[PDB]
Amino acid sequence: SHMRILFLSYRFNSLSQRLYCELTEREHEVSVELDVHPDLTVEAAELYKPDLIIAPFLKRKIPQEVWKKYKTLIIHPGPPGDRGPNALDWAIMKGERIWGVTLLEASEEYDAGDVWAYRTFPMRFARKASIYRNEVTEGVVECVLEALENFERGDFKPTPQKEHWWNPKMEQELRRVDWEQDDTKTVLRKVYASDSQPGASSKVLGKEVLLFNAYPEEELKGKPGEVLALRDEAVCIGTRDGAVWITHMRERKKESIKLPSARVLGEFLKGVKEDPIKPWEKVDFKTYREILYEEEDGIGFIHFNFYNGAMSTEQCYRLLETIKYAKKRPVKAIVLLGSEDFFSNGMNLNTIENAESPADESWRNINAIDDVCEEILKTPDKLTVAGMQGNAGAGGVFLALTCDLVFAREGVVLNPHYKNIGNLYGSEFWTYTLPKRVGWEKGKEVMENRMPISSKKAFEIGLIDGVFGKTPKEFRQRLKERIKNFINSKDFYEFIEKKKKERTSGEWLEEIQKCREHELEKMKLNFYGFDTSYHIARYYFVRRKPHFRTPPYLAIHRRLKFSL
């Protein structure tokens, strides 16, 4: 089995990238045609002539010319019989206790085809994006692998649907948060169902907005719709029975972008008081904690729940503060855990795009990230560990590589390159860390590859030190146990004595400083040089500008010397 597989995807999104990894790392070939026009889709099928078509993420109908000619399998993020374009939204709004995913054949009627495979799972009360990125994506991977085995077997017959139902596109009126009528549980459900798109509409301080990234608040109380506090740019708003934090909003205008709530509401918030909670404090009630520091068994764990993995200048400085605190604690190891869904996606391109000078903000942001990285590297007397529970891209990957040890959950997808953001040179001391791990030649290959790689592939090529665990929680438990065993071994004290000698030597310190200087001179050129590739790419990314063709790096069937 060395199949030629065509993906049809509206966007080469997290699910499409995970499946690309699983299939190519099994030596199948995967070409991608983006969903631009049915005529383009027909052309791509005739050009590539796939053994099999998989549609991981598709907003419109595959033309009959295609799927009547090539076996076409379609991902649906609901259990068998569920039909419609907003399966997860409805599941969350209705409070389903069980959900699932289905791999079904293309047919004329939407989501009506025979079932090739499916998986079910218990629902979490959580954002739609988190369910999509965890339960749904893991379940779809098992379905596609099972279908591949069925396909190459040759005698598989799919199971036609029996019971079924249709849920239409969900209207905003259903998502709209009414602070006076909605208790906290209802506000969470609506925001969760609409996160990360299209957001739950609401009015806040008289502004029509879309709400994102909600968290319950049990201590602060007030009037429904009253802003009770600010905390790391999230706002806390009274509900019918309590209060909810909203960390991000978007104004309901065509060109607006998702930003920290404080930046969207602006002067409307004048007078609200910051209610700070340091990451290392203990509290007994539910509240919003962007960064959390906890110590167990001689290990200091730093969770940083930065929305979408995007690290603003100010979030970097808050993370830096917590790393400095941890370096002063009696721990043997410091573990950077990111969040369950992302380790890090590097600089925050939205707060950059929103600044008066995106170039100056990029410069602020890359220096802030490098300060975090430098603080990590210059930790002579403690083990540092990156635990990648979730995906990482661009600078977020190289952030992890500054730690002594990098581990990742099974199924994490890595994008250790800058080809989507205008071929940035990158920093985070990659010119020091990457050759140490894989050599200069391989490291340059890694950064020239625009396609994703899995954590398994990253481990096999030496980019990271291990991969284990299927869920974030299992990964965290295995990580703690692995680090605990190490710091309680004789090997740890020998390693630390060596690291003390290396990381306090003038030779080492001057080397890493030169690496930062060289990287930042190159990023300066990216940010400020006459060539504005970086700013153009950031604009397309942040504004989600459509494609009018599939680039040849995705479409094998559209490269220059493509034959047969």
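Residue positions are given as counts along the sequence shown, with the first one as 1.
Look over 277-285 and 338-346 in the entry and identify the one with the greater average Cα temperature factor. Higher mean C-alpha B-factor: 277-285.
May I ask you to compare 326-334 and 147-155 by their mean CA B factor in the entry and name the higher one? That would be 147-155.
Largest Cα B-factor, entry values, listed residues 306, 212, 132, 165: Top of the list by C-alpha B-factor: 165.
Highest-ranked of 493, 398, 121, 407 once sorted by CA temperature factor in the record: Max CA B-factor in the entry, restricted to 493, 398, 121, 407: 493.
Based on the deposited C-alpha B factors for this chain, I'd like to know if residue 453 is in the lowest, middle or highest third. For residue 453, the deposited C-alpha B-factor lands in the lowest third.
Per the entry's values, where does residue 268 land by CA temperature factor relative to the rest of its chain, in the lowest, middle or highest third? Highest third.
What third of the chain, by the recorded C-alpha B-factor, contains residue 363? For residue 363, the deposited C-alpha B-factor lands in the middle third.
What third of its chain's C-alpha B-factors does residue 184 belong to: lowest, middle or highest? Its C-alpha B-factor belongs to the middle third of this chain's values.
Considering only modelled residues of the same chain, in which third does the CA B-factor of residue 248 rank: lowest, middle or highest? As the PDB entry reports it, the C-alpha B-factor of residue 248 lands in the lowest third of its chain.
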